[PDB]
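One structure is given here, and the rest of the page talks about it.
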Amino acid sequence: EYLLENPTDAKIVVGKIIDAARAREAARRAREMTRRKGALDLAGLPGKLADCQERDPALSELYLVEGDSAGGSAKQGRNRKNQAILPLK
DNA sequence: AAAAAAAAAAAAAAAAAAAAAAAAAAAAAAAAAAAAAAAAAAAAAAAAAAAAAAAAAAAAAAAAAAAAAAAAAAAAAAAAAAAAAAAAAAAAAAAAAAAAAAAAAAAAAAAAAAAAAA
Numbered sequence: 359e360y361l362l363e364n365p366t367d368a369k370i371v372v373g374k375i376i377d378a379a380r381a382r383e384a385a386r387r388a389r390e391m392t393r394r395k396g397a398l399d400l401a402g403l404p405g406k407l408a409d410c411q412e413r414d415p416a417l418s419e420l421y422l423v424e425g426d427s428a429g430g431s432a433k434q435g436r437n438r439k440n441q442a443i444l445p446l447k
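Right under this line is the structure:
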């Protein structure tokens with residue numbers, strides 16, 4: 359409600375947050391976006407991989423879990439944007 | 001004779017697959033109606049042909065809507081930046097014909113055995 363009411367302070371805080379995010383992004387090394395596994399494209403990746411939607415590395419994570427039961431438990435609870443799970447055996 | 005790798009003991013971690021039974025849907029492959037398309041007959045509206053004709057381009061000339069000039073003002077389109085869609089170029093691949101190595105049948109002949117004759 360406070361953000362909805364006061365526009366100027368909200369814009370200033372958003373500007374500060376964007377500046378901090380850009381400063382964080384400046385420290386990252388150069389990288390290339392990767393073809394991610396999806397419904398339309400699999401890219402020759404394993405069937406047990408539950409890949410994310412983020413095409414950019416440095417904003418994605420791989421969780422190496424012990425098995426398929428833990429794999430299902432982690433796949434049910436995660437963030438599809440970033441988290442990816444590769445259940446081992 | 002030294003090095004290296006497989007395999008097996010037993011408590012641990014973690015997975016995978018084939019069928020039965022009924023009822024509904026979804027692919028995917030066929031006969032079979034159904035209409036384009038094509039070959040080969042007779043058949044019939046159009047060009048030809050000719051004579052005969054009269055309706056609209058020329059020509060005189062006024063005048064009345066006009067396209068260039070002048071001005072003010074609105075703002076469509078073009079080129080430069082970026083950001084997506086969609087197609088040839090090139091390289092890769094799984095079955096698939098070709099080749100080579102091992103299992104089963106074959107009889108020639110003899111060792112050992114079993115059996116019986118006088």
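So the number in the deposited numbering is just where the residue sits in the first sequence, counting from 1, plus 358.
By construction, the Cβ of each residue, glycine as well, lies at the ideal position given by its N, Cα and C atoms.
- A residue is called buried once 16 or more other Cβ atoms fall within 10 Å of its Cβ, and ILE443 is buried on that count.
- Taking C-beta separations shorter than 7 Å and ignoring five residues to either side along the sequence, the partners of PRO445 in its chain run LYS406, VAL423, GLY425, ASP426, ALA428 and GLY429, following chain order.
- Per DSSP, the unbroken beta strand (DSSP E) holding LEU444 starts and ends at 441 to 445.
- As computed with DSSP, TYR421 is found in a beta bridge with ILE443.
- Under DSSP, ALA432 forms no beta bridge with any residue.
- For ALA385, there is no enclosing alpha helix (DSSP H), as DSSP marks it with neither H nor E.
- When Cβ pairs closer than 8 Å are counted between the two stretches, the stretch 387 to 398 is seen to touch the stretch 408 to 419, the count reaching three or more.
- With contacts defined as CB atoms closer than 7 Å, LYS433 and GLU412 fail to qualify as a contacting pair.
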